[PDB]
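Quick notes on the structure that follows.
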Amino acid sequence: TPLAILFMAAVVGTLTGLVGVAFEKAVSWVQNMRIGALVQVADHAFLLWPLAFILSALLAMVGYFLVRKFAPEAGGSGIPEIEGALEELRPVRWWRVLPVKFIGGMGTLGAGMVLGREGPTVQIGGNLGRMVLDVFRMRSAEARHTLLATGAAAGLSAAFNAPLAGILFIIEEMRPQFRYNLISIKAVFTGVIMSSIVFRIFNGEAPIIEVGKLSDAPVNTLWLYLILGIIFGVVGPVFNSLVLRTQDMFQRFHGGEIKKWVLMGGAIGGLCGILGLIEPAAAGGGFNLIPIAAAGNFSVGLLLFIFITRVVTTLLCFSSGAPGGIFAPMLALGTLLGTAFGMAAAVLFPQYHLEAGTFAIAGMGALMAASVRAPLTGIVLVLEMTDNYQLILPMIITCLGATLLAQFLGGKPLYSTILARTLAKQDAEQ
Amino acid sequence: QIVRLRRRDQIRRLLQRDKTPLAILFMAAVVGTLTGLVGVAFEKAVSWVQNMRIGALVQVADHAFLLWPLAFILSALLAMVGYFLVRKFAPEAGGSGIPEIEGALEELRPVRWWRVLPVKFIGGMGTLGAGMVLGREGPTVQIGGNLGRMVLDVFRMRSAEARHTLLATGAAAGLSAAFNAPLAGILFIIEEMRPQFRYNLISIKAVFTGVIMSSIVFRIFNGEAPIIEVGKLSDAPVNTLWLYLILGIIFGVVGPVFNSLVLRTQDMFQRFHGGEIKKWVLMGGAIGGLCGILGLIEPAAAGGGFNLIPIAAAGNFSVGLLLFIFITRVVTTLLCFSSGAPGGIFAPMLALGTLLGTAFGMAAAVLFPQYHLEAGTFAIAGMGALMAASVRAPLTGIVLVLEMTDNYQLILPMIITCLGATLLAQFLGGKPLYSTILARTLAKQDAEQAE
Ligand SMILES: CCCCCCCCCCCCCCC
Ligand SMILES: CCCCCCCC
Ligand SMILES: [Cl-]
Ligand SMILES: [Cl-]
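Protein sequence lines, in the order shown, are assigned to chains A and B. Under the deposited numbering, the residues of the first sequence are numbered 31 to 460, in order. Under the deposited numbering, the residues of the second sequence are numbered 12 to 462, in order.
Below is the structure:
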């Protein structure tokens with residue numbers, strides 16, 4: 031039995047890596063199309079503005095459609111659903127999710143909306159686990175939860191090419207802490223390592239995000255990151271509040287009727303088509319080009335301006351209900367705000383000879399740490415992506431600080447809240 | 012009916028997930044700070060006793076006959092100081108110390124901080140300053156654990172959660188103080204106390220708060236300079252990985268074997284002194300003086316371990332020399348640890364693992380010249396695999412290395428060799444060294460109490 035699981039775990043890990051890489055290029059292409067066909071009519075504005083809006087607006091509707099029609103549970107993140115699956119409180123209908131999630135996400139993210147690939151991959155992988163589990167007629171609690179977990183782990187792993195963060199996210203956030211789930215971390219890790227291998231086979235060494243080697247963080251500077259951490263400690267809960275509000279707002283709008291939902295979906299999707307060409311920092315998955323530029327140099331206000339247009343943009347796309355993630359998007363917000371802070375810090379304290387870069391990094395994982403409450407995952411994730419270990423303290427101070435203050439301030443873990451709302455809404459409706 | 016019910020109860024456990032009482036939180040910070048201080052204090056102290064020795068030993072440098080005698084005596088006395096203080100005032104302070112902190116977290120073992128704190132400190136200061144093959148984490152983790160319980164007692168916090176959290180926070184802050192590895196410290200806890208979290212007794216935030224405080228005091232007293240500096244090792248192309256899985260297989264076998272040797276040698280020593288304070292304190296001075304000699308003749312066979320090795324081993328040596336220093340240190344760590352001296356077996360394993368990994372590298376680099384392999388990368392890959400298969404904390408091994416080494420481009424090889432060894436060793440009938448020692452320390456506990 032154990033070797034079987036171990037073996038199966040490894041299979042799910044590999045599959046998830048393939049599907050993941052697949053989705054990741056499948057999204058790039060749809061983007062390449064929309065961009066290569068938008069460069070054609072680029073001659074005159076008479077047909078540039080229209081296409082821009084139409085393409086993404088249409089690609090978005092595709093997404094919203096498939097979800098609302100075939101698989102409702104493929105909307106939004108997906109992580110909350112997988113958590114629900116592990117808790118034996120939510121189904122895993124891969125037969126309609128895998129297709130929907132993949133194609134829908136392909137539309138929505140391809141449209142240029144502000145959503146991440148992690149949400150989708152982690153759920154796809156979560157389901158792949160289940161699938162495999164069923165096409166092998168395995169029915170032990172151990173097998174069920176371990177493979178479901180491996181999928182989830184390997185998924186996030188593949189979304190950021192971050193093996194460590196992958197299991198950390200399972201250990202820290204995915205698995206129901208207060209339960210005997212019978213999940214085998216060693217097995218899950220085996221899956222995660224597989225997916226990482228696949229990732230390498232298809233993308234080589236080259237990391238996703240690429241910062242250089244930033245400066246050091248002398249002791250006499252750490253207090254600043256504490257202050258920076260508090261700022262996120264206040265914004266984190268506030269952000270979850272808005273996510274939940276805005277989510278309600280849309281319900282009142284479409285009442286949940288497909289016709290309407292899909293329509294504003296095209297609306298919201300199109301808005302990202304327009305921003306796409308006029309001030310791009312406002313749209314896009316996020317790190318796609320931002321963390322890197324933010325760790326270079328920018329204007330406090332310009333930086334602080336992008337931050338706000340991105341807050342509204344992410345809230346729209348995510349709350350709307352489209353398949354996609356709030357995770358990655360939050361890492362961008364974090365870097366933005368962290369770079370603004372640090373930008374000011376340098377000026378306000380010349381004696382330190384600071385660099386907004388360090389703060390961009392320090393804050394990269396903090397927003398997510400105050401909203402989702404995965405301090406450890408946030409920190410390690412950032413480490414693997416930016417590889418600047420000389421900033422481990424600033425990173426831990428800022429991220430932990432935000433998390434401490436986020437609870438002390440009334441905040442709740444985002445995923446835990448969204449799941450809560452779905453389990454609440456569930457028994458209620460029915 | 013049951014599902015509509017399990018939903019109620021679950022949205023509660025969720026909308027209140029990881030929420031830590033402010034008192035514990037506040038104290039975890041105090042406990043972490045305090046542990047780093049006493050932590051770095053110990054490190055300075057051990058380094059001191061070593062300078063006294065090595066310095067007042069180099070004055071009789073030109074007196075060939077007044078050298079070997081001192082090399083023996085100095086280390087012999089110092090070591091004896093350690094063994095004695097342990098055997099007489101606080102027995103639980105002998106050995107690693109982690110298996111006791113582990114027992115404390117399970118209600119199976121008392122934390123007598125009043126005698127262990129000073130005993131372990133000075134005891135470790137002696138045996139380590141002697142030159143014996145012992146790690147400094149042994150003491151620091153136990154010291155940290157004890158400091159945690161102390162604080163807890165003087166402020167009168169009796170809640171099971173405050174108790175389990177600060178004890179664990181002390182342990183983690185201690186582990187990171189020994190290697191300036193914050194993530195590793197916090198991870199050793201997560202990966203080794205799952206049950207503690209299933210019951211809501213420990214909180215990651217609390218432990219993290221404590222660990223980061225010790226990490227800061229460390230920087231305050233030691234600066235940016237890293238414990239050990241390896242270089243920027245080369246990359247590890249996809250076509251290389253299968254090798255690490257093999258190297259991982261070697262460890263999965265050595266792992267369980269080494270653990271038994273640890274236990275068995277621990278027995279030999281037992282039959283010898285039977286338990287009598289003076290037999291023990293003498294065979295301790297012998298083993299300790301023995302290290303004094305190797306100290307100047309065959310230095311690689313002694314010392315804490317990384318104190319000079321995983322850094323020279325990631326540069327250049329020959330396959331035969333490595334295997335020779337390997338087995339030498341395998342027997343040398345056994346003697347020093349199983350004897351009972353206050354000291355860690357953690358860091359010493361990091362060296363056995365690094366050496367063994369360098370050897371495999373060399374062999375591999377030759378057998379497959381097509382890969383252009385640098386032994387160094389395997390040194391790193393294996394630096395944490397032996398401990399990962401003995402202790403069974405693969406995730407800690409990996410992150411610990413990443414933290415001391417800092418060659419993230421080698422994370423795949425690292426994970427493979429470490430997780431591989433662990434899986435295998437477990438499958439092959441292996442037991443967590445600490446769990447085992449704790450189990451045996453409880454067996455011998457009764458074999459007398461109910462005798
Ligand atoms: C593109 C070349 C294909 C070669 C694939 C080599 C795969 C080696 C991977 C070893 C992984 C060991 C995992 C152990 C847990
Ligand atoms: C040299 C003592 C400075 C202390 C700075 C502490 C910042 C958290
Ligand atoms: Cl997400
Ligand atoms: Cl130890």
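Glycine included, every Cβ here is placed at the ideal spot set by N, Cα and C.
(1) So, at 6 Å on beta carbons, what are the nonlocal neighbours of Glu-385 (chain A) in its own chain, with the 5 sequence-adjacent residues on each side left out?
(2) Name the residue from A:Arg-174, A:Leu-89 and A:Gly-185 whose alpha carbon lies nearest to the alpha carbon of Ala-52 (chain A).
(3) Strictly under 8 Å for the Cβ-Cβ distance: is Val-410 (chain A) near chain B by that measure?
(4) Going along the chain, which unbroken runs of the alpha helix (DSSP H) with 4 or more residues stay wholly within the region 124-149 of chain B?
(5) Based on Cα-Cα distance, which residue from A:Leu-258, A:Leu-139 and A:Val-228 lies nearest to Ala-375 (chain A)?
(6) Within the same chain, show all residues whose beta-carbon is closer than 8 Å to that of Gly-149 (chain B), passing over the 5 residues directly before and after it, in chain order.
(7) Output needed in chain order: residues of the region 219-245 of chain A with a Cβ under 8 Å from some Cβ in chain B.
(8) Going straight from the alpha carbon of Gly-306 (chain B) to that of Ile-65 (chain B), what length do you get?
(9) Assign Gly-354 (chain B) to one of three DSSP states: helix, strand, or coil.
(10) CA-CA distance, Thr-388 (chain B) and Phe-317 (chain B)?
(11) Tell whether a beta-carbon distance below 8 Å holds between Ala-217 (chain B) and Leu-48 (chain B).
(12) Please confirm whether any heavy atom of ligand 2 lies closer than 7 Å to the CB of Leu-384 (chain A).
(13) Is any heavy atom in ligand 3 found nearer than 7 Å to the beta carbon of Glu-309 (chain A)?
(14) By how many angstroms is the C-alpha of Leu-378 (chain A) removed from the C-alpha of residue 5 (chain B)?
(15) Specify the secondary structure class of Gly-315 (chain B) as computed by DSSP and reduced to three states.
(16) Distance cutoff 8 Å, beta carbons only. Does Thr-44 (chain B) sit that close to anything in chain A?
(17) Does the Cβ of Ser-107 (chain A) lie closer than 7 Å to at least one heavy atom of ligand 3?
(18) Quick check on DSSP: helix, strand or coil for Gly-326 (chain A)?
(19) Which word fits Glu-414 (chain A), buried or exposed, when buried means at least 16 other C-beta atoms lie within 10 angstroms of its C-beta?
(20) Taking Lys-289 (chain B) as the query, report the chain A residues whose CB atoms sit under 9 Å from its CB, ordered along the chain.
(21) Is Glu-462 (chain B) buried or exposed, if buried means 16 or more other CB atoms sit within 10 Å of its CB?
(22) Would you kindly report the start and end of the unbroken alpha helix (DSSP H) that includes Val-241 (chain A)?
(23) Taking 7 Å as the cut-off, is the C-beta of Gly-393 (chain A) nearer than that to any heavy atom in ligand 4?
(24) So that I know if they touch, is there some Cβ in chain B lying closer than 8 Å to that of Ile-112 (chain A)?
(25) Which value, in whole angstroms, describes the spacing of the CA atoms of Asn-418 (chain A) and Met-425 (chain A)?
(26) Return yes when the Cβ of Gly-155 (chain A) is within less than 8 Å of the Cβ of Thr-44 (chain A), no when it is not.
(27) Under a CB-based cut-off of 8 Å, is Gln-21 (chain B) close to chain A?
(28) Please decide whether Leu-36 (chain B) counts as near chain A, where near means a Cβ-Cβ distance under 8 Å.
(29) When burial is assigned at 16 or more other CB atoms within 10 Å of the CB, is residue 13 (chain A) buried or exposed?
(30) What residues of chain A sit near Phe-208 (chain B), judged by a beta carbon separation below 9 Å?
(31) Taking 8 Å as the cut-off, decide whether the C-beta atoms of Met-398 (chain B) and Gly-372 (chain B) are in contact.
(32) Is the Cβ of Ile-427 (chain B) closer than 8 Å to any Cβ of chain A?
(33) Nearer than 7 Å: is that true of the beta carbon of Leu-252 (chain A) relative to any heavy atom of ligand 2?
(34) Please decide whether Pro-443 (chain B) counts as near chain A, where near means a Cβ-Cβ distance under 8 Å.
(35) With a cut-off of 8 Å, do at least 3 Cβ pairs link the region 289-298 of chain A to the region 79-95 of chain A?
(36) Tell me whether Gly-146 (chain A) counts as near ligand 3, meaning its Cβ is closer than 7 Å to at least one heavy atom of that ligand.
Working from what's here:
(1) Closer than 6 Å at Cβ, skipping near neighbours: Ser-245.
(2) Taking only the C-alpha atoms, the option nearest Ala-52 (chain A) is A:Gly-185.
(3) With 8 Å as the cut-off, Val-410 (chain A) counts as an interface residue toward chain B.
(4) Listed in chain order, the complete alpha helix (DSSP H) runs (minimum 4 residues) inside the region 124-149 of chain B are 124-141.
(5) Among A:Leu-258, A:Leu-139 and A:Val-228, the Cα nearest to that of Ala-375 (chain A) is on A:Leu-258.
(6) Excluding the 5 residues flanking it on each side, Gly-149 (chain B) has same chain C-beta neighbours closer than 8 Å at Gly-106, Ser-107, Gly-108, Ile-109, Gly-135, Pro-353, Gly-354, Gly-355, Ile-356 and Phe-357, in chain order.
(7) Those would be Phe-219, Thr-220, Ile-223, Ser-226, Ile-227, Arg-230, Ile-231 and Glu-235, in chain order.
(8) Looking at the two C-alpha atoms, the distance is approximately 9 Å.
(9) Annotated three-state conformation of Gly-354 (chain B) is coil, per DSSP.
(10) Near 16 Å, if we compare the C-alpha coordinates of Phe-317 (chain B) and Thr-388 (chain B).
(11) In this structure, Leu-48 (chain B) does not lie closer than 8 Å to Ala-217 (chain B) by Cβ.
(12) No, the Cβ of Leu-384 (chain A) stays beyond 7 Å of every heavy atom of ligand 2.
(13) Checking the Cβ of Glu-309 (chain A) against ligand 3 gives no.
(14) Lying outside 12 to 462, the shown extent of chain B, residue 5 (chain B) is not represented and no answer is given.
(15) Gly-315 (chain B): coil per DSSP, three-state reduction.
(16) For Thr-44 (chain B), the answer is no, since every Cβ of chain A falls outside 8 Å of its Cβ.
(17) Checking every heavy atom of ligand 3 against the Cβ of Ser-107 (chain A), one is found closer than 7 Å.
(18) Look at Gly-326 (chain A) here: in three-state DSSP terms it is coil, with no helix or strand label.
(19) Classification for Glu-414 (chain A): buried.
(20) Residues of chain A passing the Cβ test: none, with the nearest at roughly 46 Å.
(21) Exposed: under 16 other Cβ atoms inside 10 Å.
(22) Counting along the chain, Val-241 (chain A) falls outside any alpha helix (DSSP H), and DSSP gives it neither H nor E.
(23) Every heavy atom of ligand 4 is 7 Å or more from the Cβ of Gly-393 (chain A), so no.
(24) Under the 8 Å criterion on CB atoms, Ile-112 (chain A) is classed as non-interfacial with respect to chain B.
(25) Roughly 10 Å separates the two Cα atoms.
(26) It is not a contact, given that the beta carbons lie outside the stated cut-off.
(27) Closer than 8 Å: yes.
(28) Answer yes: the Cβ-Cβ gap between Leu-36 (chain B) and chain A drops below 8 Å somewhere.
(29) The structure shown has nothing for residue 13 (chain A), since chain A only spans 31 to 460.
(30) Chain A residues near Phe-208 (chain B): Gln-207 and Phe-208.
(31) Taking 8 Å as the cut-off, the Cβ atoms of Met-398 (chain B) and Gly-372 (chain B) do not count as close.
(32) Yes - at least one Cβ of chain A is within 8 Å of the one on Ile-427 (chain B).
(33) For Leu-252 (chain A), the shortest C-beta to heavy atom distance toward ligand 2 is below 7 Å.
(34) Answer no: the Cβ-Cβ gap between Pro-443 (chain B) and chain A never drops below 8 Å.
(35) Touching, per the Cβ criterion.
(36) Under cutoff, so the answer is yes.
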